[PDB]
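Asks:
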Amino acid sequence: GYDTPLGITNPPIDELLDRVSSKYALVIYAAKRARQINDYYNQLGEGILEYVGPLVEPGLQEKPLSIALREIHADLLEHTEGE
Amino acid sequence: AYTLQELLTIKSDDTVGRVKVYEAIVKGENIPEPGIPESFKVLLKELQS
Amino acid sequence: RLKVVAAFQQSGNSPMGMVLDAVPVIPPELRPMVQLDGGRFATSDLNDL
């Protein structure tokens, strides 16, 4: 219910907090997925597709972390809490 | 936390850390976790004296 | 005295650590050795001691 933002602030922060328990968990919850995405890109040439690539279709040469944050907003990831 | 860890370990002291992170950035590999800063190892080898 | 003795007992060590027979020396870099224009020894006196 507001003007669509532009830049790195999309998606917004409050929307994400509705999914994750706390902002401190979200940073890792997204960084690990970004790491998995980067690993998948590294093995794109040849290897096992165990680290499934991006779920949401990426843009034109977007950083993996942006993809992770934009797909987390879509509620497509599940995680376990501390240990 | 991780930002402070990098600022204190991976960009100031750790030699092998600097070499490995530079090579990883040159390639597409993820940045390896930092190591033991030279300051801590020097402090050890000095306090053991 | 009881506090000190109980600390000794709990430590699992022996007091014999208070009499040394072999002092160690730090590596050479920690006491860097410097050569002046005339090659004089003016580095840390650790070498002197």
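Protein chains in written order, with PDB author numbering: chain e, 28 to 110; chain c, 1082 to 1130; chain d, 295 to 343.
Don't be surprised by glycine CBs; every beta carbon is placed ideally from N, CA and C.
So, at 8 Å on beta carbons, what are the nonlocal neighbours of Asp1095 (chain c) in its own chain, with the 5 sequence-adjacent residues on each side left out?
Replies: As a first step, residue 1095 (chain c) is located in the second sequence; it is residue number 14 there, counting from the start. Around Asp1095 (chain c): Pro1115, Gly1116, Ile1117, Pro1118, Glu1119.
Asks: What ranges does the beta strand (DSSP E) occupy inside the segment 62 to 102 of chain e, keeping only unbroken runs of at least 3 residues that lie completely in it?
Replies: List check, beta strand (DSSP E) in window: nothing returned.
Asks: Go ahead and label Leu296 (chain d) buried or exposed: buried means 16 or more other beta carbons lie within 10 angstroms of its beta carbon, across all protein chains shown.
Replies: Here residue 296 (chain d) refers to the residue found at position 2 of the third sequence. With fewer than 16 Cβ atoms within 10 Å of its Cβ, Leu296 (chain d) is classed as exposed.
Asks: If you measure between the beta carbons of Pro38 (chain e) and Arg97 (chain e), is that distance less than 9 Å?
Replies: Locating residue 38 (chain e) in the first sequence gives position 11, counting from the first residue. Locating residue 97 (chain e) in the first sequence gives position 70, counting from the first residue. Going by C-beta atoms, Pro38 (chain e) is nearer than 9 Å to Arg97 (chain e).
Asks: Check the Cβ of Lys1092 (chain c) against every Cβ in chain d and list those closer than 8 Å, keeping chain order.
Replies: Here the question's residue 1092 (chain c) lines up with position 11 in the second sequence. What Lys1092 (chain c) touches in chain d: nothing, since even the nearest Cβ is about 22 Å away.
Asks: Give a yes or no on whether the C-beta atoms belonging to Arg325 (chain d) and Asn341 (chain d) are separated by under 9 Å.
Replies: The residue given as residue 325 (chain d) occupies position 31 in the third sequence. The residue given as residue 341 (chain d) occupies position 47 in the third sequence. Yes.
Asks: Please list the residues of the segment 46 to 65 of chain e that have a C-beta atom closer than 7 Å to any C-beta atom in chain c, keeping them in chain order.
Replies: Flagged, chain order: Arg62, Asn65.
Asks: When Cβ atoms are compared, which residues of the segment 316 to 335 of chain d fall closer than 8 Å to chain c?
Replies: Flagged, chain order: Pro318, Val319, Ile320, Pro321, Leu324.
Asks: Listing by chain order, which chain e residues have their CB less than 7 Å from the CB of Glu1110 (chain c)?
Replies: Mapped onto the second sequence, residue 1110 (chain c) falls at position 29. Result: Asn69.
Asks: If you drop the 5 nearest sequence neighbours on each side, which residues of the same chain put their C-beta closer than 7 Å to that of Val328 (chain d)?
Replies: To locate residue 328 (chain d), count along the third sequence from 1; it is residue 34. Taken in chain order, the residues that qualify are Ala336, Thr337.
Asks: Look at the Cβ atom of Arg1099 (chain c), then the Cβ atom of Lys1108 (chain c), and state whether they are nearer than 9 Å.
Replies: Here residue 1099 (chain c) corresponds to residue number 18 of the second sequence, with the count starting at 1. Here residue 1108 (chain c) corresponds to residue number 27 of the second sequence, with the count starting at 1. In this structure, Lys1108 (chain c) does not lie closer than 9 Å to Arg1099 (chain c) by Cβ.
Asks: Run through DSSP, which three-state label would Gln329 (chain d) get?
Replies: Indexing the third sequence from 1 puts residue 329 (chain d) at position 35. It is a strand residue.
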